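The chain is numbered in sequence order, starting from 1. Counting starts at 1 for both ligands and their atoms, following the listed order.
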Amino acid sequence: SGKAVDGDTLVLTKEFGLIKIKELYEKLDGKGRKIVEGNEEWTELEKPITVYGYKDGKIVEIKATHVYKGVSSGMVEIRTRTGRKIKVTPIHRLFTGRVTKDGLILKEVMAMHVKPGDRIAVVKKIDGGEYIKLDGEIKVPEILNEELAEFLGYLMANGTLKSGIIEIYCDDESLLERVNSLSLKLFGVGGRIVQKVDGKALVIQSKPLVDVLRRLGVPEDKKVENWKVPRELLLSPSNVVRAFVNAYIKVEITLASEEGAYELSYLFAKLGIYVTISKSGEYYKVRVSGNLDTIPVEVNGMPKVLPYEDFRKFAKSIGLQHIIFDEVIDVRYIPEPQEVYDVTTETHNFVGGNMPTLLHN
Ligand code: NI
Ligand code: NI
Ligand code: NI
């Protein structure tokens, strides 16, 4: 086998958003020049796609030129403290590393040899994105600007899409006037703040508004099985995502959708926001804290581990990041054959996993 990952491993791409690598492979398969050797297959893509990777000290957009599928006789599963869970072939590479006076020093380690306590590299800040254009009756904003994203923030944070009706509950009357004002501004349709008998609420009665908001990917409400972040938000610029997130939080988020929680970790990473995920019973809890409680550094040119409050003093001393170092809590070998997948990029690394992780093929 080569250096490869489980088919459910999420990958952030420009062309398809956040997608499991087996589903990306099915879309790029054979679209180019193909080489088959037994159970392994390589395609040199006729049209390279765009993914994200570590390059010149930043997490940025990069080209991906080749795809791979084969079989591995077993896998390694690595669980870290922030909640990353990555399933990879034993020779797949990850990065350990340290913070020094002149930036990060990294070191490749095969997944088979990662042990608990290792500080592996994960992605805290994603640079990238561009304004997305969207698809008469209710007027619709033609690009996904900051105002539309702010509206969608409030909506998905505490709004439902009953009937052909939109309802948004809260206190803080200024938030609710803001939502109605933005609704009139963007869509030309307003609502009245019906002081409901539980608390205050805004309600907009427009059958075609809930419909285009559904087409945008807005969930009918929270507490739904397939709750997901609208695709276009992951692909948007940083200021748009900030307009969304500042509205979505008025700090923890409980969901029943594994996928939606993972997508949220990517959305927050696009703002450099440190995020953890935990699973209580069947529910997922996305917690929004800027780094771990201990940080691996180089002092005296020698390795050391510093608590957070000594690390911050040392870091302010030297001028301080897109990458941080998560702590492994569990390494497991799974002796089970499965299909594995890979994507070749110019940097020989890419950003994937249930939470943004720097993977090295
Ligand atoms: Ni290498
Ligand atoms: Ni940056
Ligand atoms: Ni509220």
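- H322 and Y54 have their aromatic ring centers separated by at least 6.0 angstrom.
- Nearest N/O/S atom of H322 with respect to the Ni ion (ligand 2) is recorded as NE2.
- Relative orientation of the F311 and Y308 rings is tilted, given thresholds of 30° and 60° on the angle between their planes.
- Looking only at N/O/S atoms, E108 comes nearest to the Ni ion (ligand 1) through OE2.
- Using a cutoff of 4.0 Å between basic side-chain nitrogens and carboxylate oxygens, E147 and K185 are scored as salt-bridged.
- Comment: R332 engages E77 in a salt bridge, judged by a side-chain N to carboxylate O separation of less than 4.0 angstrom.
- At a cut-off of 2.8 Å, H360 coordinates the Ni ion (ligand 1) through an N, O or S atom.
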